[PDB]
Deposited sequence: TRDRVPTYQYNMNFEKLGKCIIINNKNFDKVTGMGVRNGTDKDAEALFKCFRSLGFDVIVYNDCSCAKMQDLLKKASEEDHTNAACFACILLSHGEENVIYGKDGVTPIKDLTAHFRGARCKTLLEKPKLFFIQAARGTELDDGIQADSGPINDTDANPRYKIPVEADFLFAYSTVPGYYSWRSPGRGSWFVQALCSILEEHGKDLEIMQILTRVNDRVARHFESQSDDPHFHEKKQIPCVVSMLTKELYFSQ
């Protein structure tokens, strides 16, 4: 209890959702079908958790940057924590805007104590569902502001198939939401996210020798600098 973040605040905090579905053809990236379904789930889910959710769509690089900076400049004094979720295309250390590419570390750095005193000693959660596109990544969180109270959940797992409407949705993202609804108010985040890792990991039906399940195995990556346990409830 002196081992978990103080959640006795006016409000839980803000939850920013960047939903990037469409991209300029100059980037070579295609439509991210299924992203809308993830967005829909996430916002409903975090809303339920008690977050004040904002959803942005098809943002430019400048758009994402000004977006987060401004947020890192608001007064988070009456908030317990802060959450940001990025849904787009990604390449080692980068995420796509519709017009180009920006480094994730710049997107998150805005919230480092130095430049956001109002969220000091407060958990800052980043859930990224990027994925190379149209054998995993690295760990040295250098493409992340290594500072206390920061937590990243990077996917990279692709939303592989999809006919359409409402689309199936990304695995990682749907797992997250599913668990976060059923247990959002009982489990600690690392519990939530560990259950998530497992769930997407199982989607690759173990190590099947069947020429139908043989593929690029992937799993989310959880990076924690949290200094206390995180519960969203009472």
Counting from 1 along the deposited sequence, which stretches were left out of the model?
-> 1-5, 140-153
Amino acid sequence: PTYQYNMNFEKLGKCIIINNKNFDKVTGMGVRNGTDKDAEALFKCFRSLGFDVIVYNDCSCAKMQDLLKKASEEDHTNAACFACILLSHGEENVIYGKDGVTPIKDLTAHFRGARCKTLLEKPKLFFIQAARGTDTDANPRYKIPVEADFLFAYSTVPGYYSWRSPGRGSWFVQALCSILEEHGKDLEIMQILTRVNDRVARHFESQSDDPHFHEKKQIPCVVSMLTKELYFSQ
From here on, numbers count along this sequence of modelled residues.
Mean C-alpha B-factor comparison - 18-26 and 211-219, higher one | 211-219
When mean C-alpha B-factors in the record are compared for 173-181 and 202-210, the larger belongs to 202-210
Which one of 97, 159, 90, 123 shows the biggest C-alpha B-factor in the PDB entry?
-> 159
Per the PDB entry, which option out of 195, 44, 63, 168 has the greatest Cα B factor?
-> 168
Entry-reported Cα temperature factor of residue 2, expressed as the chain third it lands in | highest
Modelled-residue ranking by C-alpha temperature factor, third containing residue 136 | highest
Would you mind checking where the Cα B-factor of residue 82 ranks among the modelled residues of its chain, as the lowest, middle or highest third?
-> lowest
Tertile call for residue 127 (CA temperature factor, within chain, third-based) is the lowest
Split the chain's modelled residues into thirds by Cα B-factor; residue 36 lands in the middle
